[PDB]
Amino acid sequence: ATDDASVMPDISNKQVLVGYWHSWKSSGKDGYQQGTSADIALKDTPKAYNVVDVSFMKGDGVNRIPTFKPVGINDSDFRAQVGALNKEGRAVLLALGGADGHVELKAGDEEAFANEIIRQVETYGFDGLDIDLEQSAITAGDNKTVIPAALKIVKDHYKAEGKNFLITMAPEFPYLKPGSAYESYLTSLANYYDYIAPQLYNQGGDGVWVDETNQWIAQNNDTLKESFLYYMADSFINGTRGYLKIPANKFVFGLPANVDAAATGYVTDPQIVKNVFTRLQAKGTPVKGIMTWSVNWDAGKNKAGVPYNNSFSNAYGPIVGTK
């Protein structure tokens, strides 16, 4: 009974360009600089994105098991769009959480949540799950233990049938410190997760203290963007300067698509990212890729109605080799 969406694409030998895809309909003037995000069908996601994260699986503030249902398209047609990406080797994940996620599981829900993740895979053809909890959801209910527990049941289930169910996370970078609530997600899932993409946007003047240059390097400081990206990566790779350890081969830079997609953290020149990729590779620690919020923003328009014209994927696709 298999079709194109029944496959779970292998990204284990590729760098990724990961884009979030908004499953809801745009509301207009939704941008941080009053632009408008596009209503793009999943199948029309630009080819440079080889991983697409469908946003979001979420709760309802009443019941406990998160769920997802596409808007304005039936299940078989949505699956066919997932199949079309899958056929070209492109993974489609379901993203859990988001702002106003109402994600709040309780001890004993791990099996029912795993079963729900398996029904998503069987119904829509998803290839993995991306943990994208808002700040409040990190330690809400028993999320910290139930979500890892459920995800291990799902990975193991697919591993039995020959498939690699992808597990990713997109934490806000200030939470990736020792003794942090978030640390337990990483250590619980240390042999299960495929990559971690810290969000390097919307955190204002938080950043990293760097002895080498004797400066606080903030995420909203454009003068020092090159240093920010480099030292943030270096800190994760080595578990230094206050940050947890993420292996470079499992590290993705999370960047906003343009100035409408996030309040701060937009990288004004893509050469900056290429210089960092180049430096890291010369040291033998090349990273797994780039992630962006969001495909819909990449295909959206600014407040003056000027299209963004996929300017993010056009610039970074070639840096990670998906274009």
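Sequential numbering from 1, following the sequence displayed.
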For the C-alpha atoms alone, is the average B factor greater in 203-211 or in 173-181, going by the entry?
-> 173-181
Stretch with higher mean Cα temperature factor, 34-42 vs 261-269, is 34-42
Tell me which of 102, 250, 87, 119 tops the list for C-alpha B factor in the record.
-> 102
Options 194, 132, 109, 222 - largest CA temperature factor per the record = 132
Taking the chain's C-alpha temperature factors as the reference, tell me which third residue 15 falls into: lowest, middle or highest.
-> lowest
Lowest, middle or highest third: where is residue 289 by C-alpha B factor in its chain?
-> lowest
By its CA B factor, does residue 80 count among the lowest, middle or highest third of the modelled residues in the chain?
-> middle
Among all modelled residues of this chain, ranked by Cα B factor, put residue 312 in the bottom, middle or top third, i.e. lowest, middle or highest.
-> middle
Report the third (lowest, middle or highest) to which the CA temperature factor of residue 152 belongs, ranking only the modelled residues of the same chain.
-> lowest
